[PDB]
Amino acid sequence: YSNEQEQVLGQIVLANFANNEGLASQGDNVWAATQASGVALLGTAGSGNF
Amino acid sequence: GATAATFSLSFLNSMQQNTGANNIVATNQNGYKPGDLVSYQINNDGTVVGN
Amino acid sequence: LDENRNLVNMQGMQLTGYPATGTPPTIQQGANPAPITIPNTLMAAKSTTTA
């Protein structure tokens with residue numbers, strides 16, 4: 001910012017699946033969660049399994 | 001006017017081994033808004049199923 | 001893999017083998033073949049015995 005003060009405005013959330021290659025391709029560069037893929041299992045870019 | 005949510009939450013297989021920081025690993029429940037038939041398919045056991 | 005984390009071929013045929021049990025877990029030939037799965041459990045710790 002102008003006065004040399006930082007501001008955090010959110011963190012991007014990443015998603016990991018119990019099983020890939022079950023994702024359904026949806027045209028453009030994106031997949032859709034569905035069966036044979038598992039639940040979303042969100043997290044953070046810091047640590048864990050991401 | 002809708003009723004409440006009577007949920008029996010269970011923290012099964014919870015451990016305290018100093019595993020870094022506290023975080024969740026699994027979560028599920030059994031509620032949903034009503035859904036409309038989008039697609040359907042047949043399984044070779046005999047039963048049709050709508051998605 | 002699949003949702004249940006069981007090894008499976010391209011059709012739906014679960015893969016089986018000797019399950020490993022104990023702590024530390026180890027194979028045993030006295031058990032009948034069981035559906036192999038890679039669990040999502042958090043491996044337990046173990047006290048120091050020597051140094």
# chains A, B, ... in the order shown; residues from 1 in each chain; ligands from 1
>>> select_by_dssp(residues="chain C", states="strand (DSSP E or B)", output="list in words")
residues 6, 8, 14, 16, 17, 20, 21, 22, 25, 26, 27, 34, 35 and 37 of chain C
>>> interface_residues(of="chain C", to="chain B", cutoff="9 Å", atoms="only C-alpha atoms", output="count of residues only")
5
>>> closest_atom_pairs(of="chain B", to="chain A", cutoff="12 Å", atoms="only C-alpha atoms", output="tab-separated table")
residue	atom	partner	partner_atom	distance
B:19	CA	A:48	CA	10.8
B:20	CA	A:48	CA	9.8
B:21	CA	A:48	CA	10.0
B:22	CA	A:48	CA	11.3
B:23	CA	A:43	CA	9.3
B:24	CA	A:43	CA	9.2
B:25	CA	A:41	CA	7.8
B:26	CA	A:41	CA	7.8
B:27	CA	A:41	CA	8.9
B:28	CA	A:39	CA	9.3
B:51	CA	A:35	CA	10.8
>>> write_last_selection(atoms="N, CA and C atoms", output="compact mmCIF listing (two decimals), in the first residue's frame")
# COMPACT_ATOMS: atom_id res chain seq x y z
N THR B 19 1.45 -34.16 16.14
CA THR B 19 1.53 -34.28 14.69
C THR B 19 1.58 -32.92 14.01
N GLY B 20 2.51 -32.07 14.44
CA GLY B 20 2.63 -30.76 13.84
C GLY B 20 1.60 -29.78 14.36
N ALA B 21 0.58 -29.51 13.55
CA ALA B 21 -0.50 -28.61 13.91
C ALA B 21 -1.83 -29.32 13.77
N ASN B 22 -2.82 -28.82 14.50
CA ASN B 22 -4.16 -29.41 14.47
C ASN B 22 -4.82 -29.14 13.12
N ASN B 23 -5.38 -30.18 12.52
CA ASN B 23 -6.02 -30.07 11.22
C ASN B 23 -7.00 -31.21 11.05
N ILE B 24 -7.90 -31.05 10.09
CA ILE B 24 -8.90 -32.07 9.79
C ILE B 24 -8.36 -33.00 8.71
N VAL B 25 -8.85 -34.24 8.72
CA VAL B 25 -8.47 -35.20 7.68
C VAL B 25 -9.67 -35.86 7.02
N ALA B 26 -10.85 -35.88 7.64
CA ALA B 26 -12.03 -36.46 7.01
C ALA B 26 -13.27 -35.82 7.61
N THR B 27 -14.30 -35.65 6.78
CA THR B 27 -15.54 -35.03 7.21
C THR B 27 -16.66 -35.48 6.28
N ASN B 28 -17.79 -35.87 6.86
CA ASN B 28 -18.94 -36.25 6.05
C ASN B 28 -20.22 -36.05 6.85
N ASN B 51 -28.85 -39.88 -11.89
CA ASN B 51 -27.85 -39.00 -11.29
C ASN B 51 -28.41 -37.58 -11.30
>>> interface_residues(of="chain A", to="chain C", cutoff="10 Å", atoms="only C-alpha atoms", output="PyMOL selection string")
chain A and resi 17-22+35-39
>>> write_last_selection(atoms="C-alpha atoms", output="CSV table (one decimal), in the first residue's frame")
chain,number,residue,atom,x,y,z
A,17,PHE,CA,-8.0,-36.3,-4.3
A,18,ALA,CA,-7.9,-39.9,-3.0
A,19,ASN,CA,-7.9,-40.9,-6.7
A,20,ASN,CA,-7.1,-39.0,-9.9
A,21,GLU,CA,-7.9,-40.2,-13.4
A,22,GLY,CA,-11.6,-40.4,-12.4
A,35,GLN,CA,-17.5,-40.4,-8.5
A,36,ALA,CA,-14.3,-42.5,-8.8
A,37,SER,CA,-12.5,-39.3,-7.7
A,38,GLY,CA,-13.3,-38.9,-4.0
A,39,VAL,CA,-14.2,-35.8,-2.0
>>> residues_around(residues="residue 30 (chain C)", least_positions_apart="6", cutoff="12 Å", atoms="only C-alpha atoms", output="number ranges by chain")
C: 17-21
>>> write_last_selection(atoms="N, CA, C and O atoms", output="short mmCIF file (atom, residue, chain, number, x, y, z; two decimals), in the first residue's frame")
data_model
loop_
_atom_site.label_atom_id
_atom_site.label_comp_id
_atom_site.auth_asym_id
_atom_site.auth_seq_id
_atom_site.Cartn_x
_atom_site.Cartn_y
_atom_site.Cartn_z
N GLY C 17 -4.50 -59.82 -1.42
CA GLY C 17 -3.19 -60.25 -0.97
C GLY C 17 -3.19 -60.46 0.52
O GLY C 17 -4.21 -60.31 1.20
N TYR C 18 -2.01 -60.81 1.04
CA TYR C 18 -1.87 -61.01 2.47
C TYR C 18 -1.93 -59.66 3.18
O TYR C 18 -1.12 -58.78 2.89
N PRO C 19 -2.86 -59.46 4.11
CA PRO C 19 -2.85 -58.23 4.90
C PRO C 19 -1.74 -58.26 5.93
O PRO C 19 -1.38 -59.31 6.45
N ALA C 20 -1.19 -57.08 6.23
CA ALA C 20 -0.13 -56.94 7.21
C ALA C 20 -0.71 -56.41 8.51
O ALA C 20 -1.45 -55.42 8.51
N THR C 21 -0.37 -57.06 9.62
CA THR C 21 -0.90 -56.71 10.93
C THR C 21 0.23 -56.69 11.94
O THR C 21 1.30 -57.28 11.74
#
>>> atom_distance(atom1="CA of residue 30 (chain B)", atom2="CA of residue 8 (chain B)")
11.2 Å
>>> residues_around(residues="region 32-35 of chain C", least_positions_apart="6", cutoff="10 Å", atoms="only C-alpha atoms", output="number ranges by chain")
C: 6-8, 13-19
>>> decode(residues="region 26-39 of chain C", atoms="N, CA, C and O atoms", output="PDB file, in the first residue's frame")
ATOM      1  N   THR C  26       3.423 -56.386  10.040  1.00  0.00           N
ATOM      2  CA  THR C  26       4.197 -57.300   9.217  1.00  0.00           C
ATOM      3  C   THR C  26       3.237 -58.289   8.570  1.00  0.00           C
ATOM      4  O   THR C  26       2.140 -58.537   9.074  1.00  0.00           O
ATOM      5  N   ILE C  27       3.665 -58.846   7.435  1.00  0.00           N
ATOM      6  CA  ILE C  27       2.836 -59.804   6.713  1.00  0.00           C
ATOM      7  C   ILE C  27       2.657 -61.077   7.536  1.00  0.00           C
ATOM      8  O   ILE C  27       3.438 -61.391   8.443  1.00  0.00           O
ATOM      9  N   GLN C  28       1.603 -61.821   7.208  1.00  0.00           N
ATOM     10  CA  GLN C  28       1.390 -63.147   7.769  1.00  0.00           C
ATOM     11  C   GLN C  28       0.777 -64.031   6.694  1.00  0.00           C
ATOM     12  O   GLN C  28      -0.153 -63.613   5.998  1.00  0.00           O
ATOM     13  N   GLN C  29       1.313 -65.241   6.549  1.00  0.00           N
ATOM     14  CA  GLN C  29       0.797 -66.185   5.567  1.00  0.00           C
ATOM     15  C   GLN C  29      -0.379 -66.998   6.088  1.00  0.00           C
ATOM     16  O   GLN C  29      -1.009 -67.714   5.304  1.00  0.00           O
ATOM     17  N   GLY C  30      -0.688 -66.906   7.379  1.00  0.00           N
ATOM     18  CA  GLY C  30      -1.796 -67.648   7.944  1.00  0.00           C
ATOM     19  C   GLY C  30      -3.161 -67.042   7.712  1.00  0.00           C
ATOM     20  O   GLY C  30      -4.162 -67.636   8.122  1.00  0.00           O
ATOM     21  N   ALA C  31      -3.232 -65.883   7.068  1.00  0.00           N
ATOM     22  CA  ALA C  31      -4.492 -65.215   6.787  1.00  0.00           C
ATOM     23  C   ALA C  31      -4.887 -65.431   5.333  1.00  0.00           C
ATOM     24  O   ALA C  31      -4.038 -65.456   4.438  1.00  0.00           O
ATOM     25  N   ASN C  32      -6.188 -65.588   5.109  1.00  0.00           N
ATOM     26  CA  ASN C  32      -6.704 -65.737   3.763  1.00  0.00           C
ATOM     27  C   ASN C  32      -6.512 -64.439   2.981  1.00  0.00           C
ATOM     28  O   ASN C  32      -6.382 -63.363   3.570  1.00  0.00           O
ATOM     29  N   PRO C  33      -6.460 -64.520   1.651  1.00  0.00           N
ATOM     30  CA  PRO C  33      -6.303 -63.299   0.848  1.00  0.00           C
ATOM     31  C   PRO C  33      -7.413 -62.299   1.137  1.00  0.00           C
ATOM     32  O   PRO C  33      -8.587 -62.658   1.245  1.00  0.00           O
ATOM     33  N   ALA C  34      -7.026 -61.032   1.262  1.00  0.00           N
ATOM     34  CA  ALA C  34      -7.930 -59.952   1.610  1.00  0.00           C
ATOM     35  C   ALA C  34      -7.753 -58.787   0.643  1.00  0.00           C
ATOM     36  O   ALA C  34      -6.667 -58.603   0.087  1.00  0.00           O
ATOM     37  N   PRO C  35      -8.800 -57.979   0.424  1.00  0.00           N
ATOM     38  CA  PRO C  35      -8.665 -56.845  -0.502  1.00  0.00           C
ATOM     39  C   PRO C  35      -7.630 -55.839  -0.029  1.00  0.00           C
ATOM     40  O   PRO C  35      -7.799 -55.204   1.017  1.00  0.00           O
ATOM     41  N   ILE C  36      -6.551 -55.694  -0.797  1.00  0.00           N
ATOM     42  CA  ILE C  36      -5.472 -54.795  -0.414  1.00  0.00           C
ATOM     43  C   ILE C  36      -5.948 -53.351  -0.485  1.00  0.00           C
ATOM     44  O   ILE C  36      -6.602 -52.930  -1.449  1.00  0.00           O
ATOM     45  N   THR C  37      -5.620 -52.580   0.549  1.00  0.00           N
ATOM     46  CA  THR C  37      -5.965 -51.168   0.569  1.00  0.00           C
ATOM     47  C   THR C  37      -4.797 -50.380   1.142  1.00  0.00           C
ATOM     48  O   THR C  37      -4.080 -50.867   2.020  1.00  0.00           O
ATOM     49  N   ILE C  38      -4.598 -49.176   0.617  1.00  0.00           N
ATOM     50  CA  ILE C  38      -3.610 -48.249   1.157  1.00  0.00           C
ATOM     51  C   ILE C  38      -4.359 -47.250   2.028  1.00  0.00           C
ATOM     52  O   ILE C  38      -4.956 -46.299   1.504  1.00  0.00           O
ATOM     53  N   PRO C  39      -4.365 -47.424   3.345  1.00  0.00           N
ATOM     54  CA  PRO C  39      -5.218 -46.593   4.199  1.00  0.00           C
ATOM     55  C   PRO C  39      -4.717 -45.159   4.269  1.00  0.00           C
ATOM     56  O   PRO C  39      -3.579 -44.836   3.924  1.00  0.00           O
TER      57      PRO C  39
END
